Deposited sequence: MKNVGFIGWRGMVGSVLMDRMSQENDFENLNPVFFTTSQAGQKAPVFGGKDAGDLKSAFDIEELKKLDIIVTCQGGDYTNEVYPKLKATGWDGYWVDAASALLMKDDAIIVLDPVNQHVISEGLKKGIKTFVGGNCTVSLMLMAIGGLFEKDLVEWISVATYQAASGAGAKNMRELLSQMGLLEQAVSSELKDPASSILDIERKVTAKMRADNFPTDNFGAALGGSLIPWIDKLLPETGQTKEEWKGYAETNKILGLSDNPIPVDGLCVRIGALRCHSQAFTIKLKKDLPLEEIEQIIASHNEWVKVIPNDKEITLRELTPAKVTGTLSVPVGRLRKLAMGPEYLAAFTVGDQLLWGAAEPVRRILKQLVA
């Protein structure tokens, strides 16, 4: 059995990985060696120890990877490096994994000698898990996107801040909400006053999220006006699909909303042909076992196409499918996916499974 080292397994993403691996009994197929950065297991910084392993799975973070990866590689170590961090995503030296979508690029990279794999993540992987069928059939000309991203993508303390913000907003009008005859305008004024107060916890986001939204995720990308988050759509999507040399346009606005773990996305997909909606649905549904086409019905949409339904599951529902007023080649679609699973830990768990098989 392969000797696998794990770094950052106590973090949020790492913890989801540990839980998923346990659930699937992945540990009975490999020899796990756990590391730690604490001085209170082996040290995550002991290069000689890391060199003894066949594979290293890390969810520790970019700073960690940029520090040890180079040192480890320098020792001649020829093992595999699986990273949940985005540090090496665009390295010609590594492949972005999301096997249900790009098994072919993965299998080839392996034959070629690629030893570094970075997990497909956030909105890009969730998008591909939802409409990968359209790309696989080469029907996508371009895609305009509008996201509704959860706090987990930012971090554990961000999720906590969101929850605290929601509590404070309600607590500001707790009594008013109790009497069925109170003024809704009085209630709103108080809630709004609270989210604008200096003592309203907004350190993690830099603005209120709770009963609001933030139309900016990462840092500015000067050359295009995009934010890093938005830039990933074009770069990472094509790298995953292996179309970096002849990229497909994927662009839009990424917005942070008051959700915990699920990223949702609204799509305006420009197809290259005019296909019956029924066929498009079949193409979408057939791509993988997790995508789930939701009928464009109200009751079914409310019960199935929401973070409330999707959170904590591997299901990737896609619905609201119909042609747009712009034309028969313009398709509308809305999808919801859990950020911690297909958006983070699952692609890593899957590539590991392959490497130790």
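Residues of the deposited sequence lacking C-alpha coordinates fall in a single stretch, 41-54, numbered from 1.
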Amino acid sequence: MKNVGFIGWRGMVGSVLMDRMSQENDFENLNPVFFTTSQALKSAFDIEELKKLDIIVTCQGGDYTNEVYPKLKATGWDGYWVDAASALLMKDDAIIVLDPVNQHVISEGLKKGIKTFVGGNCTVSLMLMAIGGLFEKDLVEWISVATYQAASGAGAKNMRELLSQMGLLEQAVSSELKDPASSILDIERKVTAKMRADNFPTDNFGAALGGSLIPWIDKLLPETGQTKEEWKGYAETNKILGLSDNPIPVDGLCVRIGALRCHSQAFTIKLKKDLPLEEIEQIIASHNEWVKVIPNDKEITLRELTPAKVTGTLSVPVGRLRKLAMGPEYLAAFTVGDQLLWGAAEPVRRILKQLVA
From here on, numbers count along this sequence of modelled residues.
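For the segment pair 313-321 and 59-67, the entry gives 59-67 the higher mean B-factor, averaged over Cα atoms. Across the two stretches, 214-222 and 188-196, the PDB entry reports the greater mean Cα temperature factor for 214-222. The maximum CA B-factor among the listed residues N158, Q265, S86, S164, taken from the PDB record, is found at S86. Of the residues listed, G206, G258, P180, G132, the entry assigns the biggest Cα temperature factor to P180. Ranked by C-alpha B-factor against the other modelled residues of its chain, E304 falls in the lowest third. Among all modelled residues in this chain, the alpha-carbon of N288 has a temperature factor (C-alpha) in the middle third.
In the PDB entry, a CA B factor belonging to the lowest third of its chain's modelled residues is recorded for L331. Ranked by C-alpha B-factor against the other modelled residues of its chain, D251 falls in the middle third. Per-chain ranking of the deposited C-alpha B factor places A172 in the lowest third.
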